[PDB]
file data.txt (compact mmCIF, C-alpha atoms)
# COMPACT_ATOMS: atom_id res chain seq x y z
CA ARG A 1 61.34 -12.28 -12.57
CA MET A 2 64.29 -10.44 -14.03
CA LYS A 3 62.90 -11.00 -17.61
CA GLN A 4 59.63 -9.35 -16.64
CA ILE A 5 61.54 -6.16 -15.53
CA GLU A 6 63.52 -6.24 -18.81
CA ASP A 7 60.39 -6.09 -20.90
CA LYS A 8 59.37 -2.94 -19.03
CA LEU A 9 62.86 -1.34 -19.35
CA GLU A 10 62.78 -1.85 -23.11
CA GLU A 11 59.26 -0.65 -23.32
CA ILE A 12 60.35 2.42 -21.32
CA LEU A 13 63.27 2.92 -23.73
CA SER A 14 61.02 2.72 -26.68
CA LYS A 15 58.72 5.27 -25.24
CA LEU A 16 61.70 7.55 -24.55
CA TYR A 17 62.80 7.41 -28.26
CA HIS A 18 59.20 8.28 -29.30
CA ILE A 19 59.14 11.25 -26.96
CA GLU A 20 62.57 12.37 -28.03
CA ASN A 21 61.30 12.16 -31.62
CA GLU A 22 58.10 14.04 -30.82
CA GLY A 23 60.24 16.77 -29.28
CA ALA A 24 62.42 16.99 -32.44
CA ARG A 25 59.40 17.33 -34.63
CA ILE A 26 58.01 20.19 -32.55
CA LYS A 27 61.44 21.77 -32.56
CA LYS A 28 61.82 21.58 -36.38
CA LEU A 29 58.32 22.87 -36.72
CA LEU A 30 58.78 25.96 -34.62
CA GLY A 31 62.16 26.62 -36.39
CA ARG B 1 62.63 -5.86 -3.57
CA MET B 2 62.42 -6.84 -7.23
CA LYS B 3 58.65 -6.16 -7.04
CA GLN B 4 59.23 -2.74 -5.67
CA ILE B 5 61.35 -2.14 -8.84
CA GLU B 6 58.70 -3.45 -11.20
CA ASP B 7 56.16 -1.15 -9.36
CA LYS B 8 58.42 1.87 -9.91
CA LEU B 9 58.84 0.94 -13.54
CA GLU B 10 55.13 0.76 -14.00
CA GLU B 11 54.83 4.18 -12.53
CA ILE B 12 57.48 5.45 -14.80
CA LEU B 13 55.70 4.16 -17.81
CA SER B 14 52.45 5.92 -16.82
CA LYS B 15 54.33 9.16 -16.55
CA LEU B 16 55.82 8.53 -20.00
CA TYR B 17 52.35 7.94 -21.44
CA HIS B 18 51.29 11.19 -19.99
CA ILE B 19 54.30 13.00 -21.43
CA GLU B 20 53.56 11.45 -24.74
CA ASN B 21 50.00 12.79 -24.65
CA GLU B 22 51.30 16.21 -23.72
CA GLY B 23 53.40 16.26 -26.85
CA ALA B 24 50.36 15.28 -28.95
CA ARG B 25 48.46 18.36 -27.67
CA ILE B 26 51.53 20.50 -28.26
CA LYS B 27 51.73 19.28 -31.85
CA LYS B 28 47.98 20.05 -32.60
CA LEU B 29 48.00 23.36 -30.82
CA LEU B 30 51.14 24.21 -32.84
CA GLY B 31 50.84 22.71 -36.32
CA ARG C 1 72.66 -3.11 -4.43
CA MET C 2 68.92 -2.68 -4.41
CA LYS C 3 69.29 0.78 -2.68
CA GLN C 4 71.57 1.97 -5.47
CA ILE C 5 68.83 1.15 -8.09
CA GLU C 6 66.25 2.95 -5.91
CA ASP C 7 68.19 6.17 -5.98
CA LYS C 8 68.15 6.05 -9.78
CA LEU C 9 64.40 5.20 -9.94
CA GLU C 10 63.60 8.23 -7.79
CA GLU C 11 65.95 10.37 -9.72
CA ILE C 12 64.21 9.15 -12.90
CA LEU C 13 60.82 9.98 -11.33
CA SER C 14 61.95 13.41 -10.44
CA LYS C 15 63.13 14.05 -13.91
CA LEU C 16 59.79 12.81 -15.27
CA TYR C 17 57.84 15.35 -13.10
CA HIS C 18 60.16 18.13 -14.40
CA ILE C 19 59.53 17.12 -17.98
CA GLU C 20 55.83 16.79 -17.41
CA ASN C 21 55.94 20.30 -15.93
CA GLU C 22 58.01 21.68 -18.81
CA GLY C 23 55.41 20.26 -21.19
CA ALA C 24 52.55 21.95 -19.26
CA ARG C 25 54.30 25.27 -19.40
CA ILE C 26 54.76 25.05 -23.16
CA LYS C 27 51.16 23.97 -23.47
CA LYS C 28 49.81 26.93 -21.42
CA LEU C 29 52.06 29.21 -23.36
CA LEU C 30 50.87 28.20 -26.79
CA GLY C 31 47.21 28.32 -25.52
CA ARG D 1 71.27 -9.24 -13.61
CA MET D 2 70.83 -6.39 -11.14
CA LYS D 3 73.73 -4.62 -12.90
CA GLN D 4 72.09 -4.98 -16.23
CA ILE D 5 69.10 -3.12 -14.62
CA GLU D 6 71.24 -0.34 -13.21
CA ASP D 7 72.86 -0.01 -16.73
CA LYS D 8 69.42 0.34 -18.32
CA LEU D 9 68.43 2.90 -15.73
CA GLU D 10 71.49 4.92 -16.45
CA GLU D 11 70.61 4.88 -20.08
CA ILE D 12 67.14 5.95 -19.30
CA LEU D 13 68.35 8.88 -17.35
CA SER D 14 70.55 10.08 -20.22
CA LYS D 15 67.57 9.99 -22.50
CA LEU D 16 65.60 12.00 -19.93
CA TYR D 17 68.37 14.61 -19.78
CA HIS D 18 68.20 14.88 -23.49
CA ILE D 19 64.42 15.26 -23.44
CA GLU D 20 64.78 17.88 -20.81
CA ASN D 21 67.18 19.85 -23.02
CA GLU D 22 64.80 19.53 -25.92
CA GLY D 23 62.10 21.19 -23.89
CA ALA D 24 64.49 24.04 -22.98
CA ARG D 25 65.05 24.79 -26.71
CA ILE D 26 61.31 24.53 -27.32
CA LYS D 27 60.66 27.06 -24.57
CA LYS D 28 63.24 29.64 -25.96
CA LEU D 29 62.22 29.16 -29.54
CA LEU D 30 58.61 29.67 -28.39
CA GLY D 31 58.53 32.25 -25.60
call {"tool": "encode", "arguments": {"input": "data.txt", "output": "structure tokens"}}
result
Amino acid sequence: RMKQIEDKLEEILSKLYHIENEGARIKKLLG
Amino acid sequence: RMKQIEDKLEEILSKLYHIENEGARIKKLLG
Amino acid sequence: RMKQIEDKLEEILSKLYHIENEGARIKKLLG
Amino acid sequence: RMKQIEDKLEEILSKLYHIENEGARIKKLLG
């Protein structure tokens, strides 16, 4: 069951990169 | 108590999807 | 060790609410 | 493999702190 949690963790990490990137876009835009 | 973790994670992901959608609206509204 | 993970999960949840709220502010602002 | 989870979580949180700071700059730059 540990490998099921690890899929989610990685998926969560991916989503965090995407959000961090969306935020940098918006930032560069405004500036 | 590994299921309780996987439940939390799943909740986390939903929040992240919502955050992601927020940034989409922010991008349209902006650029 | 499960209760150490649970502190982090909750802390992560908290931070997600804060970010979701920061995003709604920005959104309301722009609009 | 419960430590590997706690490591991931800690990584997640750092990302969330960074996202949080991004939204701070976005708010200043904007309002």
call {"tool": "atom_distance", "arguments": {"input": "data.txt", "atom1": "atom CA of residue 26 of chain B", "atom2": "atom CA of residue 27 of chain C"}}
result
5.9 Å
call {"tool": "atom_distance", "arguments": {"input": "data.txt", "atom1": "atom CA of residue 29 of chain D", "atom2": "atom CA of residue 25 of chain A"}}
result
13.2 Å
call {"tool": "residues_near_point", "arguments": {"input": "data.txt", "point": "(65.1, 6.9, -9.2)", "cutoff": "12 Å", "atoms": "all atoms listed in the file", "output": "ChimeraX atom specification"}}
result
/B:4-5,8-9,11-12 /C:2-17 /D:6,9-10,12-13,16
call {"tool": "atom_distance", "arguments": {"input": "data.txt", "atom1": "atom CA of residue 18 of chain D", "atom2": "atom CA of residue 31 of chain C"}}
result
25.0 Å
